[PDB]
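Shown next, in structure tokens, is the structure this report addresses.
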Amino acid sequence: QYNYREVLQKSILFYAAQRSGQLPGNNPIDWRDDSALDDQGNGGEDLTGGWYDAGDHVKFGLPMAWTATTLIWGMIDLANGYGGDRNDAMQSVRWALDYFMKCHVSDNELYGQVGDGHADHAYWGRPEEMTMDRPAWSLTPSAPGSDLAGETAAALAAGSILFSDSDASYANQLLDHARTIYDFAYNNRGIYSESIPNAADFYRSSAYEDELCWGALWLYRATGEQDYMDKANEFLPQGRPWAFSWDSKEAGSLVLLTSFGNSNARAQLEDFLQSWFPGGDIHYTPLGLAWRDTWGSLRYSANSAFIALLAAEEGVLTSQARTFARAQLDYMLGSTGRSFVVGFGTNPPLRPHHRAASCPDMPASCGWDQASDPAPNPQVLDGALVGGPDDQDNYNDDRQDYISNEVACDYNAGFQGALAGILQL
Ligand SMILES: OC[C@H]1O[C@@H](O[C@H]2[C@H](O)[C@@H](O)[C@H](O)O[C@@H]2CO)[C@H](O)[C@@H](O)[C@@H]1O
Ligand SMILES: [Ca+2]
Ligand code: NA
Ligand code: NA
Ligand code: NA
Ligand code: NA
């Protein structure tokens with residue numbers, strides 16, 4: 001009934017529209033061009049590239065790295081669902097991985113943010129036309145961040161697995177960085193949003209030990225080296241994960257641990273999933289969305305859908321998990337009578353909260369008037385999953401409602417993999 005493949009193809013285009021830096025010649029987004037070409041570290045290190053996080057122009061390293069790891073995971077384990085779109089998806093995520101390698105300026109220094117979130121948000125306009133100072137902040141032993149660094153290692157290690165067959169030299173570059181960055185994370189303990197306090201209003205980290213587990217598991221998967229499993233076993237998930245997201249890795253670790261034969265983790269994964277199924281502990285809206293929170297409700301559901309599909313591949317609650325994942329993705333695509341995916345389906349959102357998509361065609365000026373205009377965005381941000389409805393299915397397609405209507409890297413990450421998973425059924 002729904003064209004899941006069309007949505008997956010559009011999701012890849014969303015990531016293309018989030019690119020910072022010197023865009024590739026094959027750039028498919030005609031309203032995006034080169035931008036942030038002076039992004040640099042405090043020693044002059046090149047920090048160009050990466051993805052803008054949301055409807056803004058900050059490069060936030062924790063969600064950017066989680067997005068990459070999560071996207072990569074689906075390309076590894078749901079490869080058949082990706083099908084003829086896998087190579088496109090793989091090329092897309094290189095944008096993030098290459099940036100992470102640039103951020104890793106020396107063994108024990110990792111850039112974790114470029115842009116001041118408050119200053120960035122005070123601008124409305126095209127990223128190509130920014131003129132404000134864009135500070136860069138790094139993690140070091142005296143300013144640690146085991147969470148951001150652990151996630152960055154996870155993404156690189158997952159990348160090494162994905163790219164091993166097609167591009168061994170690239171895989172070996174990724175793994176070398178992943179090892180060194182994980183050592184940094186493990187040997188220098190702290191919350192990155194304490195070390196980079198600008199991030200504490202945007203991507204406040206609740207804990208880092210879940211990233212230490214997650215990163216170790218991915219390095220175990222990438223290397224086969226028992227010491228990484230021993231490290232993962234120091235940080236095993238405790239209790240039921242609240243959700244899977246850029247902040248909490250536990251549900252993801254539960255799937256990986258289950259895949260490696262951890263019996264406790266398999267039971268914990270069952271307990272997580274059953275809560276999200278109908279008649280569990282997660283609120284259901286009347287129209288069938290498994291609703292976790294006010295902000296990014298569709299993201300949280302899609303992230304659980306992705307975990308459910310992966311868990312089903314491990315034989316965990318298999319049919320019910322697949323039924324759940326389909327119900328949630330169908331809510332996103334159209335089951336309520338409208339789409340929540342920009343540029344897709346029936347009555348999609350027209351005014352997602354996104355600076356560049358809000359701007360008219362070049363060469364017209366773009367500024368704060370574009371933020372509040374009741375007209376549709378002039379550019380269509382194809383593929384973006386919006387924040388989504390409240391607990392009673394109410395949703396406003398209002399550009400200024402950045403709870404209902406923002407879009408973000410992390411929002412699309414679980415979603416894109418879930419689409420691949422459904423395409424294998
Ligand atoms: O929990 C947030 C907020 O909810 C308010 O109720 C909302 C309900 O969440 C929403 O889905 C429905 O469409 O509108 C109502 C009324 O705004 C609630 O009244 C607040 O007390 C609460 O903080
Ligand atoms: Ca965490
Ligand atoms: Na504290
Ligand atoms: Na817990
Ligand atoms: Na219940
Ligand atoms: Na079942």
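Scheme for the structure tokens: letters A, B, ... for chains in order shown; per-chain residue numbers from 1; ligand numbers from 1 in order shown.
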**Request:** Excluding residue A:213 and residues on its chain fewer than 5 positions from it, collect all residues at most 12 Å away from it, counting only C-alpha atoms, and give them as an MDAnalysis selection string.
**Result:** chainID A and resid 146:147 150:151 153:154 182 185:186 207:208 218:220 228:238 248:254 256:257
Counting only C-alpha atoms, which residues of stretch 204-322 of chain A sit at most 9 Å from some atom of stretch 370-393 of chain A, and what is each one's closest atom pair with its distance in Å to one decimal, listed by chain and rising residue number, as a tab-separated table?
```
residue	atom	partner	partner_atom	distance
A:283	CA	A:391	CA	7.6
A:284	CA	A:391	CA	7.5
A:285	CA	A:392	CA	5.3
A:286	CA	A:392	CA	6.5
A:287	CA	A:393	CA	6.8
A:288	CA	A:393	CA	8.9
A:289	CA	A:393	CA	8.0
A:291	CA	A:391	CA	6.5
A:292	CA	A:391	CA	8.7
A:293	CA	A:390	CA	8.1
A:294	CA	A:390	CA	6.0
A:295	CA	A:387	CA	6.3
A:296	CA	A:387	CA	4.1
A:297	CA	A:388	CA	5.7
A:298	CA	A:388	CA	5.4
A:299	CA	A:387	CA	6.8
```
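Proximity to residue A:41 was assessed for A:95, A:137, A:123, A:411 counting only C-alpha atoms; the smallest distance is recorded for A:137.
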**Among listed residues A:91, A:198, A:275, A:268, nearest ligand 5 (using only C-alpha atoms and all ligand atoms)** = A:275
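Closest approach to residue A:77 among A:98, A:270, A:314, A:30: A:314, based on only C-alpha atoms.
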**Message:** To check your reading of the model: which residues sit at most 10 Å from ligand 3 when counting only C-alpha atoms and all ligand atoms? Write the answer as an MDAnalysis selection string.
**Reply:** chainID A and resid 190:191 193:194 206:207
Can you list every residue of chain A that has an atom at most 7 Å from ligand 6, with its nearest atom pair and the distance in Å to one decimal, using only C-alpha atoms and all ligand atoms, ordered by chain then number, as a Markdown table?
```
| residue | atom | partner | partner_atom_place_in_ligand_line | distance |
| --- | --- | --- | --- | --- |
| A:317 | CA | ligand 6 | 1 (Na) | 4.2 |
| A:318 | CA | ligand 6 | 1 (Na) | 4.6 |
| A:319 | CA | ligand 6 | 1 (Na) | 3.7 |
| A:320 | CA | ligand 6 | 1 (Na) | 3.8 |
| A:321 | CA | ligand 6 | 1 (Na) | 6.4 |
```
Selection to disk with N, CA and C atoms, as a short mmCIF file (atom, residue, chain, number, x, y, z; two decimals), in the first residue's frame:
```
data_model
loop_
_atom_site.label_atom_id
_atom_site.label_comp_id
_atom_site.auth_asym_id
_atom_site.auth_seq_id
_atom_site.Cartn_x
_atom_site.Cartn_y
_atom_site.Cartn_z
N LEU A 317 10.39 -11.93 19.66
CA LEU A 317 9.01 -11.47 19.50
C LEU A 317 8.71 -11.17 18.06
N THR A 318 9.13 -12.06 17.15
CA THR A 318 9.38 -11.68 15.76
C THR A 318 8.16 -11.09 15.06
N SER A 319 7.06 -11.80 14.99
CA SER A 319 5.88 -11.31 14.26
C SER A 319 5.30 -10.07 14.88
N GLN A 320 5.17 -10.06 16.19
CA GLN A 320 4.56 -8.91 16.86
C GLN A 320 5.41 -7.68 16.71
N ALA A 321 6.72 -7.85 16.72
CA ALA A 321 7.65 -6.75 16.52
C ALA A 321 7.50 -6.15 15.14
#
```
**Asked** Which residues sit within 6 Å of ligand 4, counting only C-alpha atoms and all ligand atoms, listed as a ChimeraX atom specification?
**Response** /A:238-241
Selection to disk with C-alpha atoms, as a PDB file, in the first residue's frame:
```pdb
ATOM      1  CA  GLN A 238      20.431  -1.777  33.680  1.00  0.00           C
ATOM      2  CA  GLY A 239      16.682  -1.938  33.687  1.00  0.00           C
ATOM      3  CA  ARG A 240      14.346  -1.021  30.870  1.00  0.00           C
ATOM      4  CA  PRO A 241      15.451   1.685  28.395  1.00  0.00           C
TER       5      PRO A 241
END
```
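Among the candidates A:16, A:149, A:105, A:54, the one nearest to residue A:403 when counting only C-alpha atoms is A:54.
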**Asked** If you count only C-alpha atoms and all ligand atoms, which residues end up within 6 Å of ligand 5, as a PyMOL selection string?
**Response** chain A and resi 279-281
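You can rank A:395, A:409, A:306, A:134 by their closest distance to ligand 1 using only C-alpha atoms and all ligand atoms, and at the top of that list sits A:395.
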**Item:** Per-residue DSSP, stretch 123-288 of chain A, filtered to alpha helix (DSSP H), as a ChimeraX atom specification
**Value:** /A:146-163,168-187,192-195,209-223,226-232,250-259,263-276
**Asked** What lies within 9 Å of residue A:89 using only C-alpha atoms, ignoring chain neighbours under 2 positions off, as a list in words?
**Response** residues 9, 12, 71, 72, 75, 82, 85, 86, 87, 91, 92, 93 and 94 of chain A
For the selection you just gave me, I'd like the residues written to a file as an mmCIF file, in the first residue's frame, keeping C-alpha atoms.
```
data_model
loop_
_atom_site.group_PDB
_atom_site.id
_atom_site.type_symbol
_atom_site.label_atom_id
_atom_site.label_comp_id
_atom_site.auth_asym_id
_atom_site.auth_seq_id
_atom_site.Cartn_x
_atom_site.Cartn_y
_atom_site.Cartn_z
ATOM 1 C CA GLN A 9 14.983 7.366 -1.318
ATOM 2 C CA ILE A 12 18.634 9.988 1.674
ATOM 3 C CA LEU A 71 22.051 4.583 9.702
ATOM 4 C CA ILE A 72 25.079 2.339 9.270
ATOM 5 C CA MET A 75 22.795 -0.700 6.034
ATOM 6 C CA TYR A 82 18.085 -1.214 1.140
ATOM 7 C CA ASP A 85 19.412 2.122 -2.828
ATOM 8 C CA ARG A 86 22.154 0.728 -0.544
ATOM 9 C CA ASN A 87 25.060 2.254 -2.449
ATOM 10 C CA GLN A 91 27.792 7.266 -0.042
ATOM 11 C CA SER A 92 25.491 9.531 1.930
ATOM 12 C CA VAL A 93 26.781 8.518 5.357
ATOM 13 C CA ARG A 94 30.384 9.068 4.319
#
```
Long-range neighbours of residue A:125 as a compact mmCIF listing (two decimals) with N, CA and C atoms, in the first residue's frame, 8 Å cut-off, only C-alpha atoms, 5 positions minimum in chain:
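New file part.txt:
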```
# COMPACT_ATOMS: atom_id res chain seq x y z
N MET A 130 25.59 32.93 5.93
CA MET A 130 25.98 33.23 7.30
C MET A 130 27.23 34.07 7.37
N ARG A 355 15.55 26.49 8.17
CA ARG A 355 15.96 27.77 7.62
C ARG A 355 16.10 27.72 6.10
N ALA A 356 16.92 26.87 5.57
CA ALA A 356 17.16 26.91 4.13
C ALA A 356 15.91 26.58 3.33
N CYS A 359 13.50 29.52 2.59
CA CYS A 359 13.95 30.66 1.79
C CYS A 359 13.45 30.56 0.35
N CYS A 366 16.76 36.37 1.97
CA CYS A 366 16.12 35.49 2.96
C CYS A 366 16.51 35.94 4.35
N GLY A 367 15.53 36.16 5.22
CA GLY A 367 15.76 36.65 6.57
C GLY A 367 14.60 36.25 7.47
N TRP A 368 14.46 36.93 8.60
CA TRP A 368 13.46 36.57 9.60
C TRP A 368 12.03 36.58 9.07
N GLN A 370 11.01 35.12 6.58
CA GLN A 370 10.76 33.76 6.11
C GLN A 370 10.41 32.79 7.22
```
Neighbours of residue A:290 within 8 Å (only C-alpha atoms; same-chain residues fewer than 6 positions away dropped), as a PDB file with N, CA and C atoms, in the first residue's frame?
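Output below, filename out15.pdb:
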```pdb
ATOM      1  N   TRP A 276       6.211  -1.251  24.381  1.00  0.00           N
ATOM      2  CA  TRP A 276       5.886  -0.418  23.241  1.00  0.00           C
ATOM      3  C   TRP A 276       4.760  -0.945  22.383  1.00  0.00           C
ATOM      4  N   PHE A 277       4.493  -2.229  22.430  1.00  0.00           N
ATOM      5  CA  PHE A 277       3.380  -2.843  21.723  1.00  0.00           C
ATOM      6  C   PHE A 277       2.069  -2.323  22.317  1.00  0.00           C
ATOM      7  N   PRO A 278       0.964  -2.462  21.573  1.00  0.00           N
ATOM      8  CA  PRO A 278      -0.325  -2.043  22.161  1.00  0.00           C
ATOM      9  C   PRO A 278      -0.573  -2.712  23.524  1.00  0.00           C
ATOM     10  N   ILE A 282       3.701   2.294  27.158  1.00  0.00           N
ATOM     11  CA  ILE A 282       3.803   3.460  26.321  1.00  0.00           C
ATOM     12  C   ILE A 282       2.395   3.898  25.936  1.00  0.00           C
ATOM     13  N   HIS A 283       2.121   5.184  26.078  1.00  0.00           N
ATOM     14  CA  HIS A 283       0.843   5.748  25.652  1.00  0.00           C
ATOM     15  C   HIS A 283       0.616   5.510  24.163  1.00  0.00           C
ATOM     16  N   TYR A 284      -0.620   5.164  23.802  1.00  0.00           N
ATOM     17  CA  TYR A 284      -1.023   5.124  22.405  1.00  0.00           C
ATOM     18  C   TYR A 284      -2.035   6.237  22.198  1.00  0.00           C
ATOM     19  N   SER A 301       9.101   6.905  18.154  1.00  0.00           N
ATOM     20  CA  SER A 301       8.412   5.738  17.618  1.00  0.00           C
ATOM     21  C   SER A 301       9.196   5.052  16.529  1.00  0.00           C
ATOM     22  N   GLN A 328       3.658   1.657  13.124  1.00  0.00           N
ATOM     23  CA  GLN A 328       4.242   2.928  13.427  1.00  0.00           C
ATOM     24  C   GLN A 328       4.684   3.641  12.165  1.00  0.00           C
TER      25      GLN A 328
END
```
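Here the question is which of A:1, A:394, A:166, A:226 gets nearest to ligand 1 using only C-alpha atoms and all ligand atoms, and that residue is A:394.
One distance worth recording is that between atom CA of residue A:215 and atom CA of residue A:266, which is 18.9 Å.
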**Asked** What lies within 7 Å of residue A:338 using only C-alpha atoms, ignoring chain neighbours under 3 positions off, as a list in words?
**Response** residues 334, 346, 347 and 348 of chain A
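Coordinates place atom CA of residue A:139 at a distance of 25.7 Å from atom CA of residue A:122.
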**Prompt:** Could you name the residues that touch residue A:100 at 10 Å or less, counting only C-alpha atoms, but leaving out those on the same chain fewer than 6 positions away, as a PyMOL selection string?
**Reply:** chain A and resi 47+49-50+61+64-65+94+110-112+149+152-153+155-156+174+177-178
Can you write out the residues you just picked, keeping N, CA and C atoms, as a PDB file, in the first residue's frame?
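The resulting file, selection.pdb, is reproduced below:
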```
ATOM      1  N   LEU A  47      37.658  21.891   9.772  1.00  0.00           N
ATOM      2  CA  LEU A  47      36.455  21.230  10.278  1.00  0.00           C
ATOM      3  C   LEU A  47      35.287  21.419   9.315  1.00  0.00           C
ATOM      4  N   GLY A  49      32.538  20.482   6.495  1.00  0.00           N
ATOM      5  CA  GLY A  49      31.732  19.324   6.177  1.00  0.00           C
ATOM      6  C   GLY A  49      30.758  18.999   7.279  1.00  0.00           C
ATOM      7  N   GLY A  50      30.368  17.734   7.318  1.00  0.00           N
ATOM      8  CA  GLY A  50      29.382  17.257   8.301  1.00  0.00           C
ATOM      9  C   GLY A  50      27.968  17.707   7.965  1.00  0.00           C
ATOM     10  N   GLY A  61      27.940  17.200  17.616  1.00  0.00           N
ATOM     11  CA  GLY A  61      28.577  15.916  17.380  1.00  0.00           C
ATOM     12  C   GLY A  61      27.884  14.696  17.948  1.00  0.00           C
ATOM     13  N   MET A  64      24.924  13.849  15.630  1.00  0.00           N
ATOM     14  CA  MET A  64      25.422  13.567  14.297  1.00  0.00           C
ATOM     15  C   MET A  64      26.050  12.151  14.251  1.00  0.00           C
ATOM     16  N   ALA A  65      26.831  11.840  15.281  1.00  0.00           N
ATOM     17  CA  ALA A  65      27.466  10.505  15.370  1.00  0.00           C
ATOM     18  C   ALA A  65      26.446   9.426  15.610  1.00  0.00           C
ATOM     19  N   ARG A  94      28.993   8.644   4.324  1.00  0.00           N
ATOM     20  CA  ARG A  94      30.384   9.068   4.319  1.00  0.00           C
ATOM     21  C   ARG A  94      30.553  10.526   4.680  1.00  0.00           C
ATOM     22  N   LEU A 110      39.213  15.666  20.315  1.00  0.00           N
ATOM     23  CA  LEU A 110      38.104  15.394  19.386  1.00  0.00           C
ATOM     24  C   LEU A 110      37.151  16.614  19.419  1.00  0.00           C
ATOM     25  N   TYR A 111      37.052  17.291  18.277  1.00  0.00           N
ATOM     26  CA  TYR A 111      36.074  18.381  18.166  1.00  0.00           C
ATOM     27  C   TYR A 111      34.658  17.821  18.217  1.00  0.00           C
ATOM     28  N   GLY A 112      33.849  18.422  19.086  1.00  0.00           N
ATOM     29  CA  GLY A 112      32.500  17.982  19.335  1.00  0.00           C
ATOM     30  C   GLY A 112      31.413  18.958  18.940  1.00  0.00           C
ATOM     31  N   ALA A 149      32.396  11.042  22.464  1.00  0.00           N
ATOM     32  CA  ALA A 149      33.498  10.282  21.888  1.00  0.00           C
ATOM     33  C   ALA A 149      33.149   8.806  21.682  1.00  0.00           C
ATOM     34  N   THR A 152      31.051   8.576  18.627  1.00  0.00           N
ATOM     35  CA  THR A 152      31.847   8.793  17.453  1.00  0.00           C
ATOM     36  C   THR A 152      32.662   7.550  17.104  1.00  0.00           C
ATOM     37  N   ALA A 153      33.204   6.885  18.131  1.00  0.00           N
ATOM     38  CA  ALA A 153      33.903   5.635  17.894  1.00  0.00           C
ATOM     39  C   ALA A 153      32.960   4.572  17.344  1.00  0.00           C
ATOM     40  N   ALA A 155      30.262   4.982  15.569  1.00  0.00           N
ATOM     41  CA  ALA A 155      29.920   5.234  14.179  1.00  0.00           C
ATOM     42  C   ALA A 155      31.054   4.782  13.237  1.00  0.00           C
ATOM     43  N   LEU A 156      32.289   5.131  13.620  1.00  0.00           N
ATOM     44  CA  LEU A 156      33.463   4.769  12.813  1.00  0.00           C
ATOM     45  C   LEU A 156      33.649   3.247  12.777  1.00  0.00           C
ATOM     46  N   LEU A 174      38.831   4.227   9.060  1.00  0.00           N
ATOM     47  CA  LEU A 174      37.732   4.379  10.021  1.00  0.00           C
ATOM     48  C   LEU A 174      38.045   3.653  11.325  1.00  0.00           C
ATOM     49  N   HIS A 177      40.781   5.221  13.562  1.00  0.00           N
ATOM     50  CA  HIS A 177      40.243   6.320  14.361  1.00  0.00           C
ATOM     51  C   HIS A 177      39.328   5.813  15.437  1.00  0.00           C
ATOM     52  N   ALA A 178      38.496   4.815  15.137  1.00  0.00           N
ATOM     53  CA  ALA A 178      37.534   4.327  16.138  1.00  0.00           C
ATOM     54  C   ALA A 178      38.252   3.794  17.373  1.00  0.00           C
TER      55      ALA A 178
END
```
